[PDB]
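Sharing a structure here in structure tokens format.
The analysis underlying the following values was restricted to heavy atoms, covering all of them including side chains, and did not include hydrogens, waters or symmetry mates. To find a chain, count down the sequence lines: A is the first, B the second, and so on, and within it residues start at 1.
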2 protein chains.
Amino acid sequence: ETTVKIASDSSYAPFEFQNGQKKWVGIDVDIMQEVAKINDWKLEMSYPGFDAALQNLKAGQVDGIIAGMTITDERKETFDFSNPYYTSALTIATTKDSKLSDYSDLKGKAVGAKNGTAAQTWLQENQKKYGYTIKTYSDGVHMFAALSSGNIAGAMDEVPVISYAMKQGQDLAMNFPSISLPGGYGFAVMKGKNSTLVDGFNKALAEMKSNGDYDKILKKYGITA
Amino acid sequence: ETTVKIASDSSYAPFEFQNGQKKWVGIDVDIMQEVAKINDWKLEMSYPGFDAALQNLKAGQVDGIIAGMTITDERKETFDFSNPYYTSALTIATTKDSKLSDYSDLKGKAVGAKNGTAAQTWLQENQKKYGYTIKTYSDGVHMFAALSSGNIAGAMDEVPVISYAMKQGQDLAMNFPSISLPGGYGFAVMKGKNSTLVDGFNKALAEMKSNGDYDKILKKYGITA
Ligand SMILES: NC(=[NH2+])NCCC[C@H](N)C(=O)O
Ligand SMILES: NC(=[NH2+])NCCC[C@H](N)C(=O)O
Ligand code: NA
């Protein structure tokens, strides 16, 4: 009944990614599809990439974005957000048999993050305090390979990313604290616009938490912390 | 197996509280029981109240504390902590049919909080910014009854506490932004003592986060990790 165009990232597991059949799957895909059905929306998903999705949203070529997008006060100056649909935390992953548990245990060790991330910033801000060296990576495939090889002692990323990788059978544990960003992940529209879409998102999310569909989706993608 | 004596609060749902059959339950209870099992400890829980628990810990009558205890610099002068096992936050609960969605909407409205809480402090610190009046309550039963009756327009409390109240079927919604409580909640021992207990807690938490048991426990009380 109402056509709703949503843009998303092209590859950001477990939020949105293609499986082996090239079907779009992930937490964001499954949530958005169920929200649309609850609200009687005809959903038209596109996957141009995070940056392109933002460009398209601002130009009015799409109506909203869901793309592992952390809610921040700066972003709220441009966008209106839903209630968060998942908590947004960071953590340092280790290999499965690692006994590292505390930040002081990284002294003298190398710790990875992806270039241009909150994780990179945290590591930079805490390097002198705990005495590790930092290694920067292009993507998760390279960072986690380095962790499994022992070339780094830890890899800092978003908790859902590490959880998914773990569920897939990667050699990983979550031995360190979760560092919370308060915003959570949100559905976004342009500021002042499409408040009915945000409200339908909010109402559907509440129903899904209530009826257990929300928890089914998280467990499908191995999201446990 | 060695006996481990742990003290907690007497009523802090959903962390520790007595249910309808008068059984001690909650996130802290379930986590501590699973940590003990993982570590082959015989756990002896007591529930004298937070302040009594600190007294008992300082006197050597118990070995540790779990009681939604914020990790703070002040506290770290007396106590050693585990990695935080949960990071709480503050937000405004409204009735389910309330249309309020942001702090600016509270101008000219009465907003409640419990006496002697972070929520109260936050409200007092932000009153001039948003322009509400503050009403103080002894406990949750009283604050939430005032909200349901329309005598207050919102109630400031912790996300986990509101989440559980909603699970129990109270007429509540969480449509406002959250305010992070720096530190997270940790397991505590006397400074320099009982390193075995802190290490056992850290390693067991990592296993429970890694194997899904941590998530299952939160979900039982309506909380998303
Ligand atoms: N699909 C994505 N890469 N989304 C952005 C992920 C990084 C971070 N959560 C952010 O909001 O900036
Ligand atoms: N009944 C309660 N709400 N107890 C709260 C006391 C613990 C509080 N989070 C603190 O760290 O000081
Ligand atoms: Na906290």
Side-chain angles (χ1 to χ4, degrees), chain A residues 1-19 21-88 114-121 138-141 157-158 160-161 164 181-205 208 214 217-218 220-221 223, chain B residues 101-102 175 177:
Chain A
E1 188 234 6
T2 170
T3 298
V4 178
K5 296 165 176 63
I6 303 302
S8 188
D9 193 45
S10 53
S11 189
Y12 197 54
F15 296 95
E16 49 273 339
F17 59 106
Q18 277 176 297
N19 70 11
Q21 323 158 309
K22 304 302 204 202
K23 185 195 193 198
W24 289 99
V25 299
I27 292 160
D28 288 354
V29 179
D30 292 350
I31 294 176
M32 196 70 239
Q33 286 170 346
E34 183 158 356
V35 168
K37 293 169 168 178
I38 293 164
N39 286 281
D40 259 88
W41 300 340
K42 183 181 160 179
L43 181 62
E44 297 187 358
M45 287 297 303
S46 58
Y47 301 93
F50 186 67
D51 168 58
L54 296 165
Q55 171 190 340
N56 292 354
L57 180 60
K58 296 191 221 154
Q61 293 159 248
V62 297
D63 303 320
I65 295 177
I66 193 176
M69 190 175 183
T70 311
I71 299 166
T72 72
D73 283 348
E74 185 181 4
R75 283 163 166 182
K76 288 188 189 192
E77 287 300 342
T78 303
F79 308 107
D80 284 329
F81 290 96
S82 69
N83 298 331
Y85 65 81
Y86 198 61
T87 63
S88 50
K114 285 186 302 187
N115 197 47
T117 59
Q120 185 182 51
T121 299
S138 65
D139 54 14
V141 59
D157 212 336
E158 298 186 358
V161 174
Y164 172 71
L181 292 90
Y185 297 95
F187 173 75
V189 301
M190 295 302 300
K191 186 174 185 154
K193 319 302 175 191
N194 286 135
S195 292
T196 62
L197 304 186
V198 175
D199 185 59
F201 187 100
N202 289 342
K203 270 28 170 169
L205 179 70
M208 293 166 64
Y214 177 76
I217 289 166
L218 298 188
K220 189 189 172 183
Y221 299 96
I223 313 311
Chain B
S101 58
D102 221 323
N175 294 310

Query raised in the report: Aromatic rings A:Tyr185 and A:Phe15: how do their planes relate, parallel, tilted or perpendicular, breaks at 30° and 60°?
Result: tilted

Requested in this report: Could you tell me whether the side chain of A:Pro84 reaches within less than 4.5 Å of the side chain of A:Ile71, counting heavy atoms only?
Outcome: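 Contact flag for A:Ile71/A:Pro84 side chains = yes.
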
Query - Check: A:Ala67 main-chain N/O paired with A:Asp28 side-chain donor or acceptor under 3.5 Å - result: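 Yes; judged by distance alone, with no hydrogens or angles, the pair exists.
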
Query raised in the report: Taking the inter-plane angle between the rings of A:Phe81 and A:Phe79 on a 0 to 90° scale, is it parallel (under 30°), tilted (30 to 60°) or perpendicular (over 60°)?
Result: perpendicular

Report task. Would you indicate whether the side-chain heavy atoms of A:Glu158 and A:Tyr12 approach each other to under 4.5 Å? Result -> yes

Report task. Evaluate the side-chain proximity of B:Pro177 to A:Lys76: yes if any heavy-atom separation is below 4.5 Å, no if none is. Result -> yes

Query raised in the report: Which value, rounded to the nearest 0.5 Å, describes the distance between A:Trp41 atom CH2 and A:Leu197 atom CG?
Result: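 Rounded to the nearest 0.5 Å, the CH2-CG separation comes out at 5.0 Å.
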
Report task. Search all heavy atoms of A:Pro48 against all heavy atoms of A:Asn56 and return the closest pair with its distance. Result ->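 Reported closest heavy-atom pair: CG-ND2, 4.0 Å.
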
**Report entry** Non-hydrogen side-chain atoms of A:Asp30 and A:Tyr221 separated by less than 4.5 Å
**Finding:** yes

Query raised in the report: Taking C-beta and beyond as the side chain, do A:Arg75 and A:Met69 meet within less than 4.5 Å on heavy atoms?
Result: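 Yes, at least one pair of side-chain atoms sits under 4.5 Å.
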
**Report entry** Separation between CD of A:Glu34 and CE of A:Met208, rounded to the nearest 0.5 Å
**Finding:** 4.0 Å

Report task. Take A:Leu54 and A:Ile65 through the test side chain to side chain contact (heavy atoms under 4.5 Å, CB included) and record every step on the way to the result. Result -> CA-CA 7 Å; A:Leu54 296 165; A:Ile65 295 177; 3.6 Å; yes

Query - Side chain A:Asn39, main chain A:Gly200, donor-acceptor under 3.5 Å - result: yes

Query raised in the report: Between A:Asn19 (side chain) and A:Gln21 (backbone), is there a donor-acceptor pair under 3.5 Å?
Result: yes

Query raised in the report: If you measure from the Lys or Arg side-chain nitrogens to the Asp or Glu carboxylate oxygens, is any gap between A:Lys193 and A:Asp80 under 4.0 Å?
Result: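 No, no charged N to carboxylate O under 4.0 Å.
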
Report task. Give the C-alpha distance, both sets of side-chain angles, the deciding distance and a yes or no for side chain to side chain contact (heavy atoms under 4.5 Å, CB included) between A:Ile223 and A:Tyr86. Result -> CA-CA 10 Å; A:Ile223 313 311; A:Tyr86 198 61; 3.4 Å; yes

Query raised in the report: Rounded to the nearest 0.5 Å, how far does CG of A:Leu181 lie from OG1 of A:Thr70?
Result: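 If we round to the nearest 0.5 Å, A:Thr70:OG1 and A:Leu181:CG are 6.5 Å apart.
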
Query - From OG1 (A:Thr2) to CG (A:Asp40), nearest 0.5 Å - result: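 Going from OG1 on A:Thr2 over to CG on A:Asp40, the span is 10.0 Å.
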
Report task. Indicate yes or no: at least one non-hydrogen side-chain atom of A:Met32 is less than 4.5 angstrom from one of A:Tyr85. Result ->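 Not touching, per the 4.5 Å side-chain cut-off.
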
Requested in this report: Indicate the atoms forming the closest heavy-atom contact of A:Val189 with A:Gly64, along with that distance.
Outcome: CG1-CA, 4.3 Å

Query raised in the report: With sequence neighbours left out, what residues match A:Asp199 under salt bridge (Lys or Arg N to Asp or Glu O under 4.0 Å)?
Result: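 For A:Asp199, the residues satisfying salt bridge (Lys or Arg N to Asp or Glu O under 4.0 Å) (neighbours in sequence not counted) are A:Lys203.
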
Report task. Would you give the length of the straight line joining atom NZ of A:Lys114 to atom CG of A:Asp157, rounded to the nearest 0.5 angstrom? Result -> 4.0 Å

Requested in this report: Using modelled atom types only, decide if a donor and an acceptor are shared between the side chain of A:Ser82 and the backbone of A:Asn202 within a distance under 3.5 Å.
Outcome: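 No, because the side chain of A:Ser82 does not come within donor-acceptor range (under 3.5 Å) of the backbone of A:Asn202.
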
Query raised in the report: A:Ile31 versus A:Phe201: any side-chain heavy-atom pair under 4.5 Å?
Result: yes

Query raised in the report: Hey, does A:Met190 have a side-chain heavy atom less than 4.5 Å from the side chain of A:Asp63?
Result: no

Query raised in the report: Once you round to the nearest 0.5 Å, how far does OG1 of A:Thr3 lie from NZ of A:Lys42?
Result: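 The NZ atom of A:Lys42 is 5.0 Å from OG1 of A:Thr3, to the nearest 0.5 Å.
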
